[PDB]
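So this one's my_file13.pdb, PDB, C-alpha atoms (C1' of nucleotides):
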ATOM      1  CA  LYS A 257       0.000   0.000   0.000  1.00  0.00           C
ATOM      2  CA  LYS A 258       2.088   2.885   1.342  1.00  0.00           C
ATOM      3  CA  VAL A 259       4.525   3.813   4.110  1.00  0.00           C
ATOM      4  CA  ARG A 260       2.598   3.704   7.391  1.00  0.00           C
ATOM      5  CA  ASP A 261       3.205   2.214  10.838  1.00  0.00           C
ATOM      6  CA  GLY A 262       0.493  -0.432  11.019  1.00  0.00           C
ATOM      7  CA  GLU A 263       1.242  -2.288  14.247  1.00  0.00           C
ATOM      8  CA  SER A 264       3.954  -4.121  16.158  1.00  0.00           C
ATOM      9  CA  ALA A 265       4.498  -6.240  19.279  1.00  0.00           C
ATOM     10  CA  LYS A 266       0.975  -7.734  19.182  1.00  0.00           C
ATOM     11  CA  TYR A 267       0.478  -9.698  15.938  1.00  0.00           C
ATOM     12  CA  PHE A 268       1.119  -9.404  12.205  1.00  0.00           C
ATOM     13  CA  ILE A 269       0.997  -5.642  11.675  1.00  0.00           C
ATOM     14  CA  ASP A 270      -1.991  -4.690   9.510  1.00  0.00           C
ATOM     15  CA  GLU A 271      -3.358  -1.149   9.784  1.00  0.00           C
ATOM     16  CA  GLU A 272      -2.713   0.171   6.259  1.00  0.00           C
ATOM     17  CA  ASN A 273      -0.621  -2.327   4.289  1.00  0.00           C
ATOM     18  CA  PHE A 274      -0.771  -5.606   2.349  1.00  0.00           C
ATOM     19  CA  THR A 275       0.786  -7.971   4.918  1.00  0.00           C
ATOM     20  CA  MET A 276      -1.105 -10.854   6.508  1.00  0.00           C
ATOM     21  CA  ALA A 277       1.532 -12.954   8.318  1.00  0.00           C
ATOM     22  CA  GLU A 278       4.761 -12.714  10.293  1.00  0.00           C
ATOM     23  CA  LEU A 279       8.296 -13.700   9.186  1.00  0.00           C
ATOM     24  CA  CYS A 280       8.681 -10.996   6.542  1.00  0.00           C
ATOM     25  CA  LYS A 281      12.423 -11.764   6.090  1.00  0.00           C
ATOM     26  CA  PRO A 282      12.020 -12.761   2.395  1.00  0.00           C
ATOM     27  CA  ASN A 283      11.542  -9.407   0.634  1.00  0.00           C
ATOM     28  CA  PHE A 284      11.745  -7.258   3.813  1.00  0.00           C
ATOM     29  CA  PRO A 285       9.273  -4.519   3.143  1.00  0.00           C
ATOM     30  CA  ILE A 286       7.087  -4.593   6.288  1.00  0.00           C
ATOM     31  CA  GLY A 287       6.111  -1.319   7.923  1.00  0.00           C
ATOM     32  CA  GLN A 288       7.093   1.807   6.010  1.00  0.00           C
ATOM     33  CA  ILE A 289      10.190   3.702   4.879  1.00  0.00           C
ATOM     34  CA  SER A 290      10.992   7.411   4.693  1.00  0.00           C
ATOM     35  CA  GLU A 291      14.755   7.355   4.013  1.00  0.00           C
ATOM     36  CA  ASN A 292      16.754   7.170   0.748  1.00  0.00           C
ATOM     37  CA  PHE A 293      14.054   6.522  -1.837  1.00  0.00           C
ATOM     38  CA  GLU A 294      15.498   7.325  -5.244  1.00  0.00           C
ATOM     39  CA  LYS A 295      19.261   7.068  -4.657  1.00  0.00           C
ATOM     40  CA  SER A 296      18.851   3.563  -3.233  1.00  0.00           C
ATOM     41  CA  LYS A 297      16.161   2.629  -5.766  1.00  0.00           C
ATOM     42  CA  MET A 298      18.404   3.550  -8.724  1.00  0.00           C
ATOM     43  CA  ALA A 299      21.310   1.344  -7.632  1.00  0.00           C
ATOM     44  CA  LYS A 300      20.079  -2.200  -8.257  1.00  0.00           C
ATOM     45  CA  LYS A 301      18.685  -0.832 -11.535  1.00  0.00           C
ATOM     46  CA  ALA A 302      22.177   0.365 -12.509  1.00  0.00           C
ATOM     47  CA  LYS A 303      23.699  -2.949 -11.398  1.00  0.00           C
ATOM     48  CA  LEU A 304      21.099  -4.899 -13.401  1.00  0.00           C
ATOM     49  CA  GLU A 305      21.618  -2.860 -16.568  1.00  0.00           C
ATOM     50  CA  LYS A 306      25.400  -3.266 -16.255  1.00  0.00           C
ATOM     51  CA  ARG A 307      24.953  -7.039 -15.858  1.00  0.00           C
ATOM     52  CA  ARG A 308      22.736  -7.142 -18.959  1.00  0.00           C
ATOM     53  CA  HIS A 309      25.394  -5.006 -20.679  1.00  0.00           C
ATOM     54  CA  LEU A 310      28.103  -7.541 -19.816  1.00  0.00           C
ATOM     55  CA  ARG A 311      25.819 -10.382 -20.947  1.00  0.00           C
ATOM     56  CA  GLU A 312      25.210  -8.767 -24.343  1.00  0.00           C
ATOM     57  CA  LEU A 313      28.979  -8.208 -24.563  1.00  0.00           C
ATOM     58  CA  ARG A 314      29.451 -11.946 -23.957  1.00  0.00           C
ATOM     59  CA  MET A 315      26.832 -12.612 -26.653  1.00  0.00           C
ATOM     60  CA  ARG A 316      28.517 -10.276 -29.163  1.00  0.00           C
ATOM     61  CA  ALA A 317      31.926 -11.844 -28.420  1.00  0.00           C
ATOM     62  CA  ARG A 318      30.727 -15.126 -29.975  1.00  0.00           C
ATOM     63  CA  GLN A 319      30.476 -13.530 -33.433  1.00  0.00           C
ATOM     64  CA  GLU A 320      33.830 -11.742 -33.695  1.00  0.00           C
ATOM     65  CA  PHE A 321      36.435 -14.368 -32.775  1.00  0.00           C
ATOM     66  CA  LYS A 322      38.889 -11.875 -31.194  1.00  0.00           C
ATOM     67  CA  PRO A 323      38.375 -10.921 -27.494  1.00  0.00           C
ATOM     68  CA  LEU A 324      40.484  -7.791 -27.056  1.00  0.00           C
ATOM     69  CA  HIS A 325      39.612  -6.658 -30.573  1.00  0.00           C
ATOM     70  CA  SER A 326      35.962  -7.005 -29.535  1.00  0.00           C
ATOM     71  CA  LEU A 327      36.775  -4.752 -26.568  1.00  0.00           C
ATOM     72  CA  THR A 328      38.359  -2.229 -28.945  1.00  0.00           C
ATOM     73  CA  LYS A 329      35.269  -2.584 -31.154  1.00  0.00           C
ATOM     74  CA  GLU A 330      33.186  -1.728 -28.076  1.00  0.00           C
ATOM     75  CA  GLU A 331      35.264   1.372 -27.364  1.00  0.00           C
ATOM     76  CA  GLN A 332      35.099   2.220 -31.084  1.00  0.00           C
ATOM     77  CA  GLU A 333      31.298   2.072 -30.835  1.00  0.00           C
ATOM     78  CA  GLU A 334      31.309   4.297 -27.759  1.00  0.00           C
ATOM     79  CA  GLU A 335      33.605   6.810 -29.464  1.00  0.00           C
ATOM     80  CA  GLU A 336      31.194   6.758 -32.406  1.00  0.00           C
ATOM     81  CA  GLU A 337      28.677   7.730 -29.728  1.00  0.00           C
ATOM     82  CA  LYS A 338      31.185  10.402 -28.636  1.00  0.00           C
ATOM     83  CA  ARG A 339      31.445  11.868 -32.147  1.00  0.00           C
ATOM     84  CA  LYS A 340      27.639  11.745 -32.289  1.00  0.00           C
TER
ATOM     85  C1'  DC B   1     101.748  81.081 -15.525  1.00  0.00           C
ATOM     86  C1'  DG B   2      99.261  76.543 -15.298  1.00  0.00           C
ATOM     87  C1'  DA B   3      98.693  71.460 -13.878  1.00  0.00           C
ATOM     88  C1'  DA B   4      99.221  68.654  -9.913  1.00  0.00           C
ATOM     89  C1'  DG B   5      99.691  66.464  -4.184  1.00  0.00           C
ATOM     90  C1'  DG B   6      97.672  66.763   0.394  1.00  0.00           C
ATOM     91  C1'  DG B   7      93.822  68.675   3.608  1.00  0.00           C
ATOM     92  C1'  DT B   8      89.837  69.947   5.679  1.00  0.00           C
ATOM     93  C1'  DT B   9      84.855  71.278   6.317  1.00  0.00           C
ATOM     94  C1'  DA B  10      80.177  69.925   4.414  1.00  0.00           C
ATOM     95  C1'  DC B  11      76.043  66.471   2.902  1.00  0.00           C
ATOM     96  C1'  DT B  12      74.401  61.932   3.606  1.00  0.00           C
ATOM     97  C1'  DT B  13      73.573  57.251   5.856  1.00  0.00           C
ATOM     98  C1'  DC B  14      74.008  53.818   9.596  1.00  0.00           C
ATOM     99  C1'  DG B  15      73.811  51.944  15.281  1.00  0.00           C
ATOM    100  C1'  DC B  16      70.476  51.983  20.613  1.00  0.00           C
ATOM    101  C1'  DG B  17      65.131  52.825  24.088  1.00  0.00           C
ATOM    102  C1'  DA B  18      61.799  54.245  25.769  1.00  0.00           C
ATOM    103  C1'  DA B  19      58.492  52.614  34.292  1.00  0.00           C
ATOM    104  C1'  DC B  20      56.905  49.989  38.095  1.00  0.00           C
ATOM    105  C1'  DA B  21      55.127  46.437  40.478  1.00  0.00           C
ATOM    106  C1'  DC B  22      51.080  42.086  39.318  1.00  0.00           C
ATOM    107  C1'  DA B  23      49.145  37.157  37.230  1.00  0.00           C
ATOM    108  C1'  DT B  24      48.157  35.777  31.712  1.00  0.00           C
ATOM    109  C1'  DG B  25      71.970  22.287   5.472  1.00  0.00           C
ATOM    110  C1'  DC B  26      67.851  22.472   3.416  1.00  0.00           C
ATOM    111  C1'  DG B  27      65.324  20.639  -0.041  1.00  0.00           C
ATOM    112  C1'  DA B  28      64.714  18.493  -4.818  1.00  0.00           C
ATOM    113  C1'  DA B  29      66.698  16.172 -11.125  1.00  0.00           C
ATOM    114  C1'  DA B  30      69.312  11.376 -10.787  1.00  0.00           C
ATOM    115  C1'  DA B  31      71.922   7.065  -9.969  1.00  0.00           C
ATOM    116  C1'  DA B  32      74.705   1.962  -8.273  1.00  0.00           C
ATOM    117  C1'  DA B  33      72.652  -1.282  -6.020  1.00  0.00           C
ATOM    118  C1'  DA B  34      70.398  -4.626  -2.856  1.00  0.00           C
ATOM    119  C1'  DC B  35      66.163  -6.303  -3.505  1.00  0.00           C
ATOM    120  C1'  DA B  36      61.080  -8.397  -4.294  1.00  0.00           C
ATOM    121  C1'  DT B  37      57.522  -9.501  -7.619  1.00  0.00           C
ATOM    122  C1'  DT B  38      55.860 -12.618 -10.516  1.00  0.00           C
ATOM    123  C1'  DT B  39      55.449 -16.358 -11.511  1.00  0.00           C
ATOM    124  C1'  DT B  40      53.507 -21.554 -12.806  1.00  0.00           C
ATOM    125  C1'  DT B  41      52.774 -27.284 -10.563  1.00  0.00           C
ATOM    126  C1'  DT B  42      49.203 -28.567  -7.366  1.00  0.00           C
ATOM    127  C1'  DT B  43      46.257 -28.430  -3.534  1.00  0.00           C
ATOM    128  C1'  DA B  44      44.064 -29.507   0.579  1.00  0.00           C
ATOM    129  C1'  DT B  45      40.159 -26.222   2.203  1.00  0.00           C
ATOM    130  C1'  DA B  46      35.476 -21.669   3.074  1.00  0.00           C
ATOM    131  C1'  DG B  47      33.297 -18.418   0.959  1.00  0.00           C
ATOM    132  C1'  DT B  48      32.775 -14.458  -1.236  1.00  0.00           C
ATOM    133  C1'  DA B  49      32.019 -11.411  -6.137  1.00  0.00           C
ATOM    134  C1'  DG B  50      28.708 -12.772  -9.916  1.00  0.00           C
ATOM    135  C1'  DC B  51      24.817 -16.294 -12.816  1.00  0.00           C
ATOM    136  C1'  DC B  52      21.060 -18.805 -14.164  1.00  0.00           C
ATOM    137  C1'  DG B  53      16.694 -22.400 -12.941  1.00  0.00           C
ATOM    138  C1'  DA B  54      12.316 -24.399  -9.847  1.00  0.00           C
ATOM    139  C1'  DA B  55       9.226 -22.166  -6.571  1.00  0.00           C
ATOM    140  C1'  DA B  56       5.255 -18.894  -5.422  1.00  0.00           C
ATOM    141  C1'  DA B  57       1.430 -15.805  -6.988  1.00  0.00           C
TER
END

Could you quickly redo this structure as structure tokens?
Amino acid sequence: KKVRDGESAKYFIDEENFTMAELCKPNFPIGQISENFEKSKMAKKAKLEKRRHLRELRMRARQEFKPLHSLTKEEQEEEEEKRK
DNA sequence: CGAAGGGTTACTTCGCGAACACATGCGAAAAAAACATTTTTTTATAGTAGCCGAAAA
């Protein structure tokens, strides 16, 4: 739902939320948060896009059968982006 | 009669003090040399960076 202190110390906290049981260790949103929204949200996104970037590098490296020349082809593509 | 050898007074620039108590060798280019890294041969061992599948809705 949103960030709100539902309950604690009595049962599974449910005042304004979508939780219905205890042992919330799995995903660990439980009560509410009011600290570091966007700078901590856009960190796993950056990590995930860099991992997909390295995976598509590993996929492109199958075609050109030269590893370090594929790395120089990558930096040649990014300096084509630089001249763009 | 005129150029030259001391001889001094005159203008300018450099050395000290101001009470008497109280309680607050240094820096910077390089150069011979004693020296470690860095290996690769495993290799026992835990896990810690990073990677997809069987599980739930």

Assuming the chain letters and numbering stay as they are in my file, what does the PyMOL selection byres ((chain B) within 12 of (chain A)) actually select? List them as a PyMOL selection string. chain B and resi 50-52

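Our summary of the geometry notes that atom CA of residue 272 of chain A is positioned 7.4 Å from atom CA of residue 258 of chain A.
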
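Across the structure, atom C1' of residue 49 of chain B and atom CA of residue 313 of chain A are spaced 18.9 Å apart.
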
Could you tell me how far atom CA of residue 315 of chain A lies from atom CA of residue 300 of chain A, in Å and to one decimal?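 We find that atom CA of residue 315 of chain A and atom CA of residue 300 of chain A lie 22.2 Å from each other.
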
Evaluate the PyMOL selection byres ((chain A and resi 278) around 9) against this structure - the residues, as a PyMOL selection string, please. chain A and resi 267-269+275-277+279-281

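Between residue 260 of chain A and the residues A:286, A:310, A:324, A:298, the shortest atom-to-atom distance, using all atoms listed in the file, involves A:286.
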
Could you name the residues that touch residue 316 of chain A at 12 Å or less, counting only C-alpha atoms (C1' of nucleotides), but leaving out those on the same chain fewer than 4 positions away, as a list in words?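 Once the nearby chain positions are removed, what remains is residues 309, 310, 311, 312, 320, 321, 322, 323, 325, 326, 327, 329 and 330 of chain A.
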